[PDB]
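Below, read A as the first sequence line, B as the second, and so on, with proteins coming before strands; counting in each chain starts at 1.
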Amino acid sequence: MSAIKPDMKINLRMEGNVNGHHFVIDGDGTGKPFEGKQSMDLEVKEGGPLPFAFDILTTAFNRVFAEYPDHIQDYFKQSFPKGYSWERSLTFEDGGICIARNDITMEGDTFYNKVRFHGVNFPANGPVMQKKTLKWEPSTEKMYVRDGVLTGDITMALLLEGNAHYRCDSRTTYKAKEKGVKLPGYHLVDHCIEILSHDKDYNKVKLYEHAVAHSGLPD
Amino acid sequence: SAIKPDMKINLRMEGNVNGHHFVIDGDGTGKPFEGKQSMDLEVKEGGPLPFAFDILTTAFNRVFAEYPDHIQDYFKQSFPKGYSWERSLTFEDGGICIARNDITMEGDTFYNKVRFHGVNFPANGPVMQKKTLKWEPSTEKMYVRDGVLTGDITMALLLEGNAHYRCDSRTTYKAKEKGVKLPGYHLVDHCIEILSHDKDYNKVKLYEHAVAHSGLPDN
Amino acid sequence: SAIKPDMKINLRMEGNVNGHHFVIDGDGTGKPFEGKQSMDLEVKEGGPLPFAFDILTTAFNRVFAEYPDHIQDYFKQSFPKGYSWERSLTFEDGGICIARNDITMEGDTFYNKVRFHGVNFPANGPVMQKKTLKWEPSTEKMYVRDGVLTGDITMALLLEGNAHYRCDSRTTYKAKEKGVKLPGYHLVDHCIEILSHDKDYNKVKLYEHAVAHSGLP
Amino acid sequence: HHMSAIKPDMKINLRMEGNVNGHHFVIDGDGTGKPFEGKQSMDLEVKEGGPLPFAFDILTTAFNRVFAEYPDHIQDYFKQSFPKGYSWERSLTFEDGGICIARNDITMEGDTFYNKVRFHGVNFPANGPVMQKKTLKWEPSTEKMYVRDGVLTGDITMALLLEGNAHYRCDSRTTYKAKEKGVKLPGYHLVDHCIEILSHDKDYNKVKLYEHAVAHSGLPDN
Ligand SMILES: O=S([O-])[O-]
Ligand SMILES: O=S([O-])[O-]
Ligand SMILES: O=S([O-])[O-]
Ligand SMILES: O=S([O-])[O-]
């Protein structure tokens, strides 16, 4: 009924603008939806070398790639073959604010991702514009229904140079394309995201993510 | 200098709110030294808008603000070359927009290249249900933050049923030419009004009046 | 008629910021219809204060605001019985304060029982460092929310070296008597100033000027 | 770095004083816990200000991260802050504008932790879930722990389940400060927790509270 395969391809085009700098980024990769794992090779096609930390873009580069236990409704795998969309705001602690969206379709073995990313008000000598970010720290998304819609709320942190941290408050709304996909109960999604390799300027990046859904303590 | 007592305003806005793409053209006139401006707005692509027009109206130029002699006018000093702004709008129910405008002048006309993106407006909130009446009069705080002129404001939309709907906005302004003198802390009063519109807001007449001041007791 | 042209102000504040307990007494005067008040303040306990005195000053009465005829004056209408307010103050570096005042009146004097609690001010921040100079003049936005008069404001402290330090504040205002008529949306301009102080701010003279208006046009 | 004097089975003595929306209260607490298992229970009694006119649930995170199960590889700032103790300050920012701040000064004598807790809150809307007592429980959540401004900081966005099944968000920031010098600061880590009112009398004048807390490194090392 769902047509989600153990191994899937990922096609992606991201376009957007941060701090007035336009960019286009293409991604091709593979994932294991039932294992909650995915990888992607990315190439900056326009606007390279990027004047900002590549790390701010990486959560925009699909919750279908999360390991869901049987006892939790898997909204994302239940959304196919028709697919779904998400919208997200990223509010950073120094006033940098980004909005993003992805329209996700599926054709055969391949997920297609139309991603948009817009960012404003990053300070000139902040860690984003100065490329002082090292990685996203592992974090946990809270999944719950708000105004008829599945919503993911998370506070994430970028590890910085010198082992400082840089806070980002994120809210995502997820919407199945097909009418009447059953919404899940409150649950948690643990994730980690990692740049596996990159060239000096981050014109080429190999990206990986692992995500696991769960009910949290006590079980 | 470059600024004439009567100016023309040419504007194109392209954007996306809650997944809905749109294009809006603006043609108008204003008196920069009196801080007054009007515009006729025409929805080109994406009419009729599925969301409240009111969210867009602050994005449709601080050059049209009455500055007293004791306050540095950053905006009139930015011309002929012009300036750009970036803005975030954080609404109380989680809706978040980002906007930008690159402002140029040739002859007696200001040209505005405007982008507007918004996400996470609830289906039954006042924006998607078109339950807003107007922006209440407000006061923007201008000050320098990380080497850039920053405008901070809490605005409120009046709703049908008389409730108020809070928006927190931050704008950064940047002159194109190097070495334009940054002002000291000041305030800008403003009021914005949709003078007329057709049923579906595919046509809108918009007016704004803005006045800079020192605050109490010097205002 | 409860509001006289020249009134006195009695005040006791107690609180705790970043673990440090303090008591501060105030005695002042003002002109309710001119929207002007000043007060002499004295630290009775916990002096010298280890934090910037400025964080407390908006907690040291909107009855002292010049209201024009066309705006309902919730505050002067709340007397002789009084009103109370509650306020949260969210500073941009995570320092968060909450405050309360219960205001009563007898003759020509307002009595104020004030509480002020603050946490999470960083040691390297302007408050614990005492790098504040003044509150910049600001505009509070007054509207009804869930049946209660509410004031929302973005305020900013001028810092040494002319940086600013932002504070977001929400106040809820509550008349003691039933049937005090709620105003419509309006703005209140204010400026607050420490006029004089001794070295450690154990004694402080404070001044405020406030004016209600509709805004443009 | 040193021996904590923390025993496998500990007693907990607590007094909370506070004021929410102008309402003053005193609440006494007596419990027990297993520091190394990350588990604790407490019986709470309202001594002044009963019956409480707001949701008891807003207070329950205020009623000690000693009671967290720490792996060997993550520095345990809380157990290493003993025998001398530590204190925390916390802000609670609810989505409808209610704001609380809280403090706890934590000491130890023999097998007993002592807790001097202060809790103040303002601007809870009269018709909101807190003042209307429409909360059900805190959902399980994960706190992020890292060093900020030289201080161990816990940042968490938590949710109260409401009647009618909506959720009610609270953004909480805690700063933790050891009383003694020389307590090693931990690197970034996560703490999973669950908090539960096991039982209560009708007006919540008497409450039985339980919590389980587990620190980990997150994915993949969890
Ligand atoms: O996917 S994790 O390894 O960042
Ligand atoms: O711009 S004013 O007339 O609302
Ligand atoms: O009252 S003003 O001048 O600080
Ligand atoms: O403490 S747990 O059982 O919610």
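- Looking only at atom types and distance, the side chain of B/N219 has a donor-acceptor partner in the side chain of C/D189 under 3.5 Å away.
- Here the two rings, on D/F54 and D/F124, have centers that are 6.0 Å apart or farther.
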For C/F110 and C/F64: C-alpha separation, side-chain torsions, deciding distance, then whether ring-ring contact (aromatic ring centres under 6.0 Å, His included) applies. CA-CA 11 Å; C/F110 292 111; C/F64 299 97; 5.5 Å; yes
Before you tell me yes or no, could you show the steps for C/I192 and C/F60 under side chain to side chain contact (heavy atoms under 4.5 Å, CB included), namely the whole-Å CA-CA distance, both residues' side-chain angles and the distance that decides it to 0.1 Å? CA-CA 10 Å; C/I192 179 154; C/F60 291 120; over 6 Å; no
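- What you find for C/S138 and C/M155 is that their closest heavy atoms are OG-CG, 4.3 Å.
- Looking at C/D54 and C/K130, no side-chain N of the basic residue comes within less than 4.0 Å of a carboxylate O on the acidic one, giving no salt bridge.
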Evaluate D/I101 against D/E89 for side chain to side chain contact (heavy atoms under 4.5 Å, CB included), listing each step before the verdict. CA-CA 7 Å; D/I101 64 105; D/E89 293 176 10; over 6 Å; no
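- Of the N and O atoms on the side chains of D/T175 and D/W88, not one donor lies less than 3.5 Å from an acceptor on the other residue.
- A salt bridge links C/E177 to C/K81: one of the charged nitrogens lies within less than 4.0 Å of a carboxylate oxygen.
- Side-chain contact between C/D27 and C/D40 is absent, with no heavy-atom pair separated by less than 4.5 Å.
- Residues C/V119 and C/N18 share a closest heavy-atom pair of C-OD1, 3.5 Å.
- Between the side chains of C/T150 and C/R145, no donor N or O sits under 3.5 Å from an acceptor N or O.
- C/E208 pairs in a side-chain contact (heavy atoms from CB on, under 4.5 Å) with only one of the listed residues (C/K36, C/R62, C/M39), which is C/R62.
- Using a cutoff of 4.0 Å between basic side-chain nitrogens and carboxylate oxygens, D/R15 and D/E17 are not scored as salt-bridged.
- Residues C/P183 and C/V144 share a closest heavy-atom pair of O-CG2, 3.7 Å.
- Considering every non-hydrogen atom in both B/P217 and C/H209, the closest pair reads CB-ND1, 3.8 Å.
- Side-chain contact of C/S84 with C/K176: a donor-acceptor pair under 3.5 Å is present, judged by distance alone.
- Here the side chains of C/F91 and C/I96 are not in contact, with every heavy-atom distance at 4.5 Å or above.
- Residues D/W138 and D/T60 have side chains that bring a donor and an acceptor to within less than 3.5 angstrom of each other.
- Between B/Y143 and B/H186, the side chains place no donor N or O within less than 3.5 Å of an acceptor N or O (distance only, hydrogens not considered).
- Side-chain atoms of C/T29 and C/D6, non-hydrogen and from C-beta on, never get closer than 4.5 Å to each other.
- Residues meeting the salt bridge (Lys or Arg N to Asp or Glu O under 4.0 Å) test with D/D149, sequence neighbours left out: none.
- Between C/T132 and C/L158 the shortest side-chain heavy-atom distance does not fall below 4.5 Å.
- You'll find the side chain of C/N112 reaches within 4.5 Å of the side chain of C/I9, heavy atoms only.
- Residues meeting the ring pair (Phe, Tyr, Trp, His ring centres under 6.0 Å) test with D/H23, sequence neighbours left out: none.
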Verdict with reasoning, C/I153 to C/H190, per side chain to side chain contact (heavy atoms under 4.5 Å, CB included): CA-CA 11 Å; C/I153 191 172; C/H190 85 252; 3.6 Å; yes
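- Residues C/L49 and C/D200 have side chains not in contact (no heavy-atom distance under 4.5 Å, counting atoms from C-beta outward).
- Applying the side chain to side chain contact (heavy atoms under 4.5 Å, CB included) rule to C/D198 yields the partners C/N202, C/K203; only residues at least two apart in sequence or on another chain are considered.
- Scanning for ring pair (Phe, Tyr, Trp, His ring centres under 6.0 Å) contacts around C/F75 gives C/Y83, C/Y173, with sequence neighbours left out.
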ring-ring contact (aromatic ring centres under 6.0 Å, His included) for B/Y185 and C/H164? Distances and angles first, verdict last. CA-CA 9 Å; B/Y185 174 102; C/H164 286 83; 5.3 Å; yes
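- Partners of C/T104 by side chain to side chain contact (heavy atoms under 4.5 Å, CB included), not counting sequence neighbours, listed by chain and number: C/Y111.
- Annotation for D/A62 and D/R90: closest pair N-NH1, 3.9 Å, computed over non-hydrogen atoms.
- Counting only heavy atoms from C-beta outward, the side chains of B/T154 and C/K141 approach each other to under 4.5 Å.
- Annotation: side chain of C/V23 is not in contact with side chain of C/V43 (no heavy-atom distance under 4.5 Å).
- A salt bridge does not link C/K4 with C/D108: every distance from a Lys NZ or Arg NE/NH1/NH2 to an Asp or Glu carboxylate oxygen is 4.0 Å or more.
- Side-chain contact, D/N13 with D/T112: no donor N or O sits under 3.5 Å from an acceptor N or O.
- In this structure, C/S88 and D/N123 approach most closely via the heavy-atom pair N-ND2, 3.8 Å.
- Residues passing the salt bridge (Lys or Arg N to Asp or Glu O under 4.0 Å) test with D/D155 are A/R167, D/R173, sequence neighbours excluded.
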